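Reviewing the structure listed below.
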Amino acid sequence: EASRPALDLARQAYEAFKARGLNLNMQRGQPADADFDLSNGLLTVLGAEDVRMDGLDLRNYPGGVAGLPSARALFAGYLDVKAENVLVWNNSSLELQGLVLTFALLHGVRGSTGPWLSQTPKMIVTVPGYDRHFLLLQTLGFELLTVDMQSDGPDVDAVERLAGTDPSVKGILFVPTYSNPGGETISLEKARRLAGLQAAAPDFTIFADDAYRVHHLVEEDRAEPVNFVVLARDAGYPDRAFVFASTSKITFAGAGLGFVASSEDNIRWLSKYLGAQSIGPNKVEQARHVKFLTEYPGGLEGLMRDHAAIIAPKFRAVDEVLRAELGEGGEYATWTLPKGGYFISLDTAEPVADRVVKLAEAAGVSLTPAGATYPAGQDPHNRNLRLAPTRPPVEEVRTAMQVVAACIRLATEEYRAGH
Amino acid sequence: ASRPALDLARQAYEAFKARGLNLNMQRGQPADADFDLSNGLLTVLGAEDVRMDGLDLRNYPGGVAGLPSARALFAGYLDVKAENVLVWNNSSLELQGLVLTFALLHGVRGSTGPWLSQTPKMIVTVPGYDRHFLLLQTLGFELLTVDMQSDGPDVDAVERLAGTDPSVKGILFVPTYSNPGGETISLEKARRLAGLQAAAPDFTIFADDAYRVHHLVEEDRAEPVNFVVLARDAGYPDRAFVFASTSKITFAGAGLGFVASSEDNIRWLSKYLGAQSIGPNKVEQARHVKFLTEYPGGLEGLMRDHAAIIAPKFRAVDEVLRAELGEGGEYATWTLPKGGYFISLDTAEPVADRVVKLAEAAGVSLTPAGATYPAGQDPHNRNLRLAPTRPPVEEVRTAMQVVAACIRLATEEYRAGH
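First to last, the sequence lines map onto chains A and B. Its first residue numbered 2, the first sequence is counted upward by one per residue in this note's numbering. Its first residue numbered 3, the second sequence is counted upward by one per residue in this note's numbering.
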């Protein structure tokens, strides 16, 4: 297994890439300029004539903390629920998650017997997962209990074991459609089983961050998203599901719309605490998104297809280069080929993930730090690496992945040879 | 007491009730004409104005603290530098709720622990703003009230409440054209609050400066104070959090909420906002920067245009109330503010709740009695908040004519034993 000539060939190959003096990046989970160009109509969609919607002046306070009726109606169809179930806020889905989780800590959710903050709260998370979810939960005071992400959703067996005995395990927070970073969509069997599991806490909640529900890259053989609001209700736990969603990768990143779907009773609960600290959300921004997305050619699906034409070639660019340089046998690394979402999960064969990022940096390729997909200082393997191919052009992605491929081979031969 | 006077008041009230009116004097909302001044804001940015401050407004990068130009513009608003300001989304009340929650969960910059596990009290001003009391009580604070004086809050009461007990964590009030009294804090009271001997080392001043530039008179305006500079010069640089809003400047609910504080406090606030958000709406901040910079006469020109619509409604409230109740304060006394969005009326006798119920039966929706104090803690039953900005000047007179008749009926009933 240990080979000196292969170590020399890997070193020379690495020297050749380093000598280019590159300055590429493969960690930015951001759309391209071409993606943002598609939504420029949104900036000028409303005017002096379009100031009134749903019997309300968009420029004045009245309307309710829940958002515009048309916004609540549009995103009801997005999340496969009714208007009464959906609440639309401002530019961030993560903010609305942080608000809901903070209200649960301060006041307790609908079916609770006290505030979560005083009960030593645990939150189940999925690994490899999203770095900002772990940071958010740990900032608010939740202890993270990790479960492994399987190909068709989380390890539900592990979720039932953790949630079954201890009442302090207050919930699960994960991405059900095209997960970050593995791109795994939760199966109906697992979604139904999550929606009705025997949990110790009677206020056990599912925080489904459905950030990539309609974000399809493949045209026909797509992932079918589940409906936790409907599944939880049919399972006998109507208040269990909070299905969060976003328009950041649909319209503008950071100038979109964050929103959540849940039971009508949970929306009243959430409306009380939002109402205590706010008169209401940006009603004019919600009206722009409603008017633009309704008036867009081919509707919402038409815009996501236009994004796919720009984004999909970048994903195949990562597959083609990485497969041609590392092979299909999985000698140096294995990786996902997701049908939607914004990321690709690459697992190096040997425990050299941190070495690949340090090598890549010196070559001029910024990769996501090793251990980012697990909770801070809790990566037991040192193999997983997140790749964000959506931002740069197809040419730069190829070059970046050739440099990453060369780093994986150099990192692998070092480990095998004792270096 | 007088029976003939009670009959004349009854007959006058029945005349107004017989009309079958449907007026409102409690909505603290700008009029249709006020929002029309800012219709250019809707279409101010296009495909050519996508970039600003070396950043693409449609993309994530930029920082949690907001646009450099937004930070620079609202620095001038609050008389500070760009490093002191943090611009968020559409609500100042939200930004206060976020800052107060972070203090409860984590503690402010100079804290020894989280405020939540210290049985925290918050000093409030009475008569004050109903939403401040609701927000603080929702978050877990116990409200200790201090009386509002003509030139600001009762600072002697504030020192006594904050001096001994470390549990008393701050003061939350409006220093310019306060809700509802319209009082602006004096320089010596502002300086004295900025340097008072507080028991808690993390004592914080939550200055909701919601009406800083909202002037209704040309000459003899209120001069706002700079708590960020006053606190720094006093030796407590991290004490002041000066909040502000564009809600009554551009659009109500579609404006911008922001806060001014020490550079170190912004880093503290930026940590917890950053943990739950990539950043604020950068496109909305760009629209406000471009619109306000390009407006005829600047921001002061826009406030003077709002004054042209708003000021005549304030004068109508004063004219009708002086003519029907007199100037000697027999039935009631009231504020003649130089700016802001409200008028504070204090009835002579404790019959405020009766005046509101009488006004409701006569078709005039007034703010509920006791709204200006914390929930169930109104020891007088005299104060009533009046919001004259929303309806037209014609409807403001008619509404105040009915209210004037309700005060006289309620006064004659009390004196006569009913």
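Cβ atoms here follow ideal geometry from the backbone N, Cα and C, with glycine treated the same way.
Excluding five sequence neighbours on each side, which residues of the same chain lie with their C-beta closer than 6 Å to the C-beta of residue i?
i, result
"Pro70/A", "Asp55"
"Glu161/A", "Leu198"
"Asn228/B", "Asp81"
"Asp156/A", "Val148, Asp149"
Does any CB atom of chain B fall closer than 8 Å to the CB of residue i?
i, result
"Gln278/A", "yes"
"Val101/A", "no"
"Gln120/A", "no"
"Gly48/A", "yes"
"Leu294/A", "no"
"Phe253/A", "yes"
"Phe37/A", "yes"
"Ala256/A", "yes"
"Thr391/A", "no"
"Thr248/A", "no"
"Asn91/A", "yes"
"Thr140/A", "yes"
"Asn41/A", "yes"
Name, in chain order, the residues that DSSP records as bridge partners for residue i.
i, result
"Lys123/A", "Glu144/A, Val170/A"
"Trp336/B", "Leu347/B"
"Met402/B", "Its beta-bridge partners do not exist; DSSP assigns none."
"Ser247/B", "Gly259/B"
"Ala242/B", "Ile207/B"
"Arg53/A", "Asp58/A"
"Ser367/A", "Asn26/A"
"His420/A", "DSSP, once it has assigned bridges, lists no residue as partnering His420/A."
How close, in whole Å, do the beta carbons of residue i and residue j come, if the pair is a contact with beta carbons under 8 Å?
i, j, result
"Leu145/B", "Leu138/B", "6 Å"
"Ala67/A", "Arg417/A", "About 59 Å; that fails the 8 Å criterion."
"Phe104/B", "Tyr274/B", "4 Å"
"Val404/A", "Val261/A", "The pair is not a contact, with the Cβ atoms about 40 Å apart (cut-off 8 Å)."
"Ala254/A", "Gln31/A", "6 Å"
"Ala364/A", "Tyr62/A", "With a Cβ gap of about 55 Å, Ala364/A and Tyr62/A do not count as contacting."
"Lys191/A", "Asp153/A", "6 Å"
"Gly342/B", "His216/B", "6 Å"
"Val322/B", "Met27/B", "In fact, because the Cβ distance is near 11 Å, the residues do not count as touching under 8 Å."
Output needed for residue i: all residues of its chain with C-beta closer than 8 Å, excluding positions within five of it in sequence on either side, in chain order.
i, result
"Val285/B", "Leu47, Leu59, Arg60"
"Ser272/A", "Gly65, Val66, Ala67, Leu88"
"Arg214/B", "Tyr79, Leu80, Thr178, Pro226, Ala246"
"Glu96/A", "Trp90, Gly259"
"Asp266/B", "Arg111, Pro239, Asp240"
"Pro129/A", "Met150, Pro182, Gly183, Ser346, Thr374, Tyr375, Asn385, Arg387"
With a threshold of 8 Å between beta carbons, is residue i in contact with chain A?
i, result
"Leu368/B", "no"
"residue 422/B", "Only positions 3 to 420 of chain B appear in the structure, and residue 422/B is not among them; the question remains open."
"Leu95/B", "yes"
"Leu59/B", "yes"
"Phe245/B", "no"
"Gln31/B", "yes"
"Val285/B", "yes"
"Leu25/B", "no"
"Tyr274/B", "yes"
"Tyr62/B", "yes"
"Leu88/B", "no"
"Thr45/B", "yes"
"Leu136/B", "yes"
What residues in its chain sit with their C-beta under 7 Å from that of residue i, if we drop five residues either side in the sequence?
i, result
"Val398/A", "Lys315, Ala318, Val319, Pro390"
"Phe344/B", "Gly30, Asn181, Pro182, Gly184, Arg387, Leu388, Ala389"
"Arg133/A", "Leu95"
"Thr248/B", "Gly257, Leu258, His290"
"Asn283/A", "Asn91"
"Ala84/A", "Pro70, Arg73, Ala74, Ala77"
"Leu301/A", "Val215, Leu294"
- request: Count the CB pairs spanning the region 47-61 of chain B and the region 221-229 of chain B that are closer than 8 Å, and state whether there are at least three.
  value: Touching, no, given that fewer than three Cβ pairs across the two stretches are closer than 8 Å.
message: Three or more C-beta pairs under 8 Å: does that hold for the region 337-357 of chain A against the region 396-409 of chain A?
response: Taking 8 Å as the limit for Cβ pairs, the verdict is that the region 396-409 of chain A does touch the region 337-357 of chain A.
- prompt: Are there three or more Cβ pairs, one per stretch, closer than 8 Å when the region 23-43 of chain B is compared with the region 378-398 of chain A?
  reply: The way I'd put it, the region 23-43 of chain B doesn't touch the region 378-398 of chain A; fewer than three beta-carbon pairs between them come closer than 8 Å.
Three-pair Cβ contact test at 8 Å for the region 121-136 of chain B versus the region 156-171 of chain B: They touch, by the three-pair rule.
Touching by the beta-carbon criterion (3+ pairs, under 8 Å), the region 235-247 of chain B and the region 206-218 of chain B: With a cut-off of 8 Å on Cβ pairs, the region 235-247 of chain B is in contact with the region 206-218 of chain B, counting three or more such pairs.
- prompt: Does the region 370-379 of chain B come close enough to the region 355-362 of chain B that 3 or more CB-CB pairs lie under 8 Å?
  reply: In the pairwise beta carbon analysis, the region 355-362 of chain B is classified as touching the region 370-379 of chain B: at least three pairs are separated by under 8 Å.
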